[PDB]
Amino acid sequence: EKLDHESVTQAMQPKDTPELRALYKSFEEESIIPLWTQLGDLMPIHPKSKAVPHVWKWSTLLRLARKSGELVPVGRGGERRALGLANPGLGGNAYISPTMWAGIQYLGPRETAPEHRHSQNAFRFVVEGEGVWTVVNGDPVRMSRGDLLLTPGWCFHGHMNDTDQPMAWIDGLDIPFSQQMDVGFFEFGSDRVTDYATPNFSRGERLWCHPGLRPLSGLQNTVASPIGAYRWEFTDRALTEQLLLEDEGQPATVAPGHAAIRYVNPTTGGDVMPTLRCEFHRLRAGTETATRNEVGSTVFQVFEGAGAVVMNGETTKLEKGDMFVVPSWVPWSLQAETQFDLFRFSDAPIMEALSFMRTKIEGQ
C-alpha cells in the first residue's frame, strides 16, 4: 500500500552476461519487449500524464488568429483557419491533452469554410463575436456570444460569415483520441454551404428546445444531442436561478456560491456526445472551489470575470477568454475574484463509459 516504483526492490535484474545480451538482441529482432525493464513506466502508481498543465492567453490567441487571417486564405485543403493549442508535454502533436483538440478558429468577412464530415465529434464555443452561421446537415445554425454549438460525428457542416466583420470562436474535438485509437473517417462535401439563409434559430432548436417536451416524430433515442445550439440566454438564466435558489435557502448549487449546469442530450439526459462533456460554471465573487483530482483531462475557457486557477499548487491569474488544460489527476481549484463565469469540456464520458473514472475531493 505504501511502496512506489522508487521504493520497491528490483528482484528481476538479470546477470549482465553475453548470453543475456544475446537474448535481448534476439528480442529486438523478433519484435519482443520484456515487461521487467519497464514495469513502472507502463503501470504508474497513479496517472502521470506527458501532458502538462498550461494556460493560453486570449490576447495572444487573438493576435495570432488575426494575423493568420491576413496571411492565410481559408478554403479547401486545410479546411479551416484553426490554431490548435498544443501541449508542451505532447511531443509536437497538435493535442491540448491526449484526448482533445482545443483550438481557436477565425473566419474573416464573407468567408466560407466548405462542408465536410468526419467520425470525430465536435463543438463550437463563442466567448465573443456574432456574424457566423454553421450549416449542420443543411440546417443553418446562428453563432453568438455564449452559445455552444454541436457538430456530432458524421454530420455535414460548413461555416459562412454573413457580415463585413470577422468572428472568432473555439473548437473542441476528439481529434487526438481518434487519431491514436484509429477511428477516423473523413468525407469532403460541398465547396460552399448548402444553405446561405440566416434564420435566427435552427430547425433542431425549434423542435427540441422546449423544456420537458419531445416531438412524437422524435421518439427514438440518439447517441448525440439533436440540439444544434445551446443559446447563452438559457445558460445565463439557469445559473442565475441556481444563485437565487441558494439565496432563498433552497438546494440547487453544486457547492456554496458555485452554480453549474451540464449541457445534455435531451433524448437520454446524458452527455452531448459520446466522447465529450460540456459544462458551464458561475462562481460568486470570493468563491474558492475544493481541490479536485479527476481522471482524464479537462479544458476551461473563461467566459466573463476575473479570477485564478490553481494547478499543482501553482496559481495563475485568468482573464476573459483565457484557456487552460488540467491533465488527468492533476489537483485543481478555481478562485473567483469577481463573479467568475467559465466554459468547460472534458473527456469524462470516455472515462466513465469504461469505468476508469476516479475523483478525490479535498474535505471528504
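Sequential numbering from 1, following the sequence displayed.
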Segment of higher mean CA temperature factor, 91-99 or 126-134 = 126-134
ask   = Can you tell me which stretch has the higher mean Cα B-factor, 2-10 or 355-363?
value = 2-10
inquiry  = Take the CA temperature factors straight from the PDB entry and tell me which of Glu279, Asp182, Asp162, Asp174 peaks.
reply    = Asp162
ask   = Highest Cα B-factor in the deposition, which of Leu216, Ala86, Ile261, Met143?
value = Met143
message = Which third, lowest, middle or highest, does the C-alpha temperature factor of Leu150 belong to within its own chain?
response = middle
message = Using the temperature factors of the C-alpha atoms in this entry, rank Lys67 within its chain: lowest, middle or highest third.
response = highest
task = Consider only the C-alpha atoms of the modelled residues in this chain, order them by B-factor as the entry records it, and name the third containing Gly212: lowest, middle or highest.
result = lowest
inquiry  = Among the modelled residues of this chain, does the Cα B factor of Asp236 put it in the lowest, middle or highest third?
reply    = middle
remark   = By the entry's values, the third containing the CA B factor of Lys15 is the highest
